[PDB]
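Next comes just one chain, in structure tokens: the form deposited in one PDB entry.
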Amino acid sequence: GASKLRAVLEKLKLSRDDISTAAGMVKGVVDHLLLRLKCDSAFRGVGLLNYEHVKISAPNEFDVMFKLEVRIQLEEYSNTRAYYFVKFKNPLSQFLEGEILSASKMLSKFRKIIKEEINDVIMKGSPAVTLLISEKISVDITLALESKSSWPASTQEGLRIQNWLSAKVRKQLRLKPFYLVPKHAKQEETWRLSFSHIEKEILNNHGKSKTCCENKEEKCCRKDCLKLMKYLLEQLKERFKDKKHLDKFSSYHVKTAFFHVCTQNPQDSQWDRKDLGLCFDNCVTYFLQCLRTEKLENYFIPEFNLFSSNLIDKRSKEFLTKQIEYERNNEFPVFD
């Protein structure tokens, strides 16, 4: 049924040319918001990270990250390995609550400046604000702190790309800044580590060979497998939207499992385009293994289990398991 997979990839691509117009309508709104946010003292160093599509099957839905550079001191929240309070060694004295930078107050002023500027188009805390341009194009804007200091110790044994993309690349990436998005912690003044910029780099520079996918001899199917993985989750989440079991699952879980599959199979020849069918089947099978065993390490923070009982109930996992297994046993009817 590999030809059906490529039938899916055929349609996912044709909608991209039909939405490159939508990305222009987003760039315009974003540039105006940054102009006025930069006028404010607290957001003077605002800028962009990475348009991107968390939901691939929703081409009119974009995700933008506004970055704000800060020299911080970080305090891990309750050994979460991923959530922190951000103390200091400043334009953000506004948002200090004791010695902690308040996500709530910083998020507040963030929204208000955008809600005021958008009146020139409505607004609806990972996704801080969500805009609706006209009535078809939506964009989720996430605020993020940028720190050009060395990465937190909870990242020391993550990003295991050495045998795939090389230890030299791992040192290169780990010299880049890391990011922090305001995110509730099961607490309201915590920040969660983000590496969306690193995720994009290794997604678009994904082969052991530097010339992977730049010639016919080295066409691999890494990218096609992840898109098919995202598309199947998104389709399953929409067929069962009014049952809510699949609501806690996101494309990030699929993206993480894919990075782990890349680590397990680091050779370009294990991703030959001729083998799209079995490559995707193996990708589904690993995700299923993460569901059954309830283990899905954050690719950058290995002690952070995305699939822990405290985050997703077993009944939700077993439901997605059964649905996916039914799809695989029937040549994925949900793809149409």
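Throughout, we count residues from 1 along the sequence that is shown.
One more form of this protein should be noted, the form deposited with a small molecule bound, which is absent from this view; the next part is about it.
Asker: Heavy atoms within 4.5 Å of the small molecule in the deposited bound form: which stretch among 23-31, 38-46, 265-273, 296-304?
Answerer: The contacting stretch here is 296-304.
Asker: Judged by heavy atoms and a 4.5 Å cut-off, are 192, 198 and 259 together in contact with the small molecule in the deposited bound form?
Answerer: Per the other structure, all of 192, 198 and 259 touch the small molecule.
Asker: With a cut-off of 4.5 Å between heavy atoms, is residue 202 one of the residues that contacts the small molecule in the deposited bound form?
Answerer: Yes, residue 202 sits close enough to the small molecule in the deposited bound form that at least one of its heavy atoms falls within 4.5 Å.
Asker: With heavy atoms only and a cut-off of 4.5 Å, decide whether residue 252 touches the small molecule in the deposited bound form.
Answerer: Contact with the small molecule, yes.
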